[PDB]
């Protein structure tokens, strides 16, 4: 072993690059391969382990981003473009990135990031995901993986082995297997790996907790604005098949057999599958994505609900939470009456159009039930109330209530739960005020962007980012976000009985209980009973 930027792993030697960070420096090994390129006849198939290489792998520059739908609703606007691929797109995209403190640690806490983006998009190379601030400030080895999204990672024709489904989840598991096998050479302790992600990434984290084939590969888990049981996170095998066939029908494919269909889908260039991706959804809806995990009986033994009830899952500690206005993004992009440069005050007619779009699987009784629940009939024509009420409908149904069901089911068997409610609106936010604390905007605090002066955050925001980075890192390290024997206020543990949680903002810590119970009893207990009876 010669240099600090050279590391010999079980797959071959890797050469990194020194990176500047807050007046200091650390090491980064970017673009390390963990699977063979899922190209050609490999498209839609399970990932294959990367064949070991001779010589030295150049790990000094980020890798390609997986083929995905690109958002151009607001061309040039940073608010939306900070999420788009910032590297060239390619089906050859299964790589991982590692940020190592300097000098190289011997056996320190490890954190693996799993990006979100509704399983149809996402990149490990985004600026808000730069792990050098976290690695540096908290001295953890920070890993960020990648995984096939869209049809590429989730086209599902159950029964077939050419496109069984969930391969994007299997891509994640292989990156986690590689971390388990090689993170030691980078100074990481494979027995103290914490996986964390946001949105589809948080749902993924929860899916690795559930899937028996993934449990042994990590120690602890953090989930941000995502839960495995989210209504948009999975589909039955019948629906997945139905959508795969419909995708084929959009490309004038032969539909006589799975082989015919799959072969045809494999002959198409990437952008061709992406171009008709959204045409397969079964309803006019928001917060619904075409290709997602399928409850196959393999990666997922049984229905998610029976697994949560039987305690059929990994038991450990978890730290999770949600943002105050999870729904605003999805209404801005597809609900009538909402627009980026307007206060978007909503009319009674658009409110109702929005309820229909938000609970696509509901019948009329169900739609009325929802409307009754979120309408102030003492002032039903208040455009701001209609807007905010619709925002909460989308956030409660799609993120918060599903996470609260998961939190409650998990706590009965887990070894420690820490729940947070993130409600701070960034001072340099480019989105309109009506969107509030947006889906995905706690991430910048988790990765420490506020400590970077040029980004223009207030001093209190830098403080908030530090507390957060330290809660996350201390939790990953010990199973508890609080410092042992500290003076600071204690984030209390979430219990079945007390159900406490804390707010996460620039104000002095404050503890609360039963996060949105009223609305969540509606969403998790009532509405489903109603839909199953009618």
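Basically, rigid core = biggest C-alpha set you can superpose within 1.5 Å across the two forms. Positions refer to the first chain, counted from 1.
Engineer: What stretch shows more C-alpha movement in 9 other deposited structures of this protein relative to this form, 285-293 or 217-225, after the core is superposed?
Structural biologist: The more displaced stretch in 9 other deposited structures of this protein turns out to be 285-293.
Engineer: Counting only other entries that model residues on either side, is residue 485 absent from the coordinates in at least a third?
Structural biologist: Looking at the other entries that model residues on either side of it, residue 485 is missing from at least a third.
Engineer: Identify the stretch, either 342-350 or 201-209, whose C-alpha atoms have the larger mean B-factor according to the entry.
Structural biologist: Between 201-209 and 342-350, it is 342-350 that shows the higher mean C-alpha B-factor.
Engineer: Higher average CA B factor in the deposited record is what I'm after, so tell me if that's 262-270 or 324-332.
Structural biologist: Between 324-332 and 262-270, it is 262-270 that shows the higher mean C-alpha B-factor.
Engineer: Can you tell me which of 312, 166, 78, 224 has the maximum CA B-factor listed in the PDB entry?
Structural biologist: Result of the comparison over 312, 166, 78, 224: 78.
Engineer: Given 101, 118, 228, 440, identify the residue with the highest C-alpha B factor in the PDB entry.
Structural biologist: Highest C-alpha B-factor among the listed options: 101.
Engineer: Classify residue 511 as lowest, middle or highest third according to the C-alpha B-factor given in the PDB entry, relative to its own chain.
Structural biologist: Answer is highest: the recorded C-alpha B-factor places it there.
Engineer: Taking the entry's C-alpha B-factors for this chain, is residue 291 in the lowest, middle or highest third?
Structural biologist: It belongs to the lowest third of the chain when residues are ordered by C-alpha B-factor.
Engineer: Ranking every modelled residue in this chain by its Cα temperature factor as given in the entry, which third contains residue 490?
Structural biologist: It falls in the top third of the chain.
Engineer: Based on the deposited C-alpha B factors for this chain, I'd like to know if residue 476 is in the lowest, middle or highest third.
Structural biologist: CA B-factor rank for residue 476: lowest third.
Engineer: Please say which third, lowest, middle or highest, residue 187 falls into when its CA temperature factor is compared across its chain.
Structural biologist: Middle third, going by the recorded CA B-factors of the chain.
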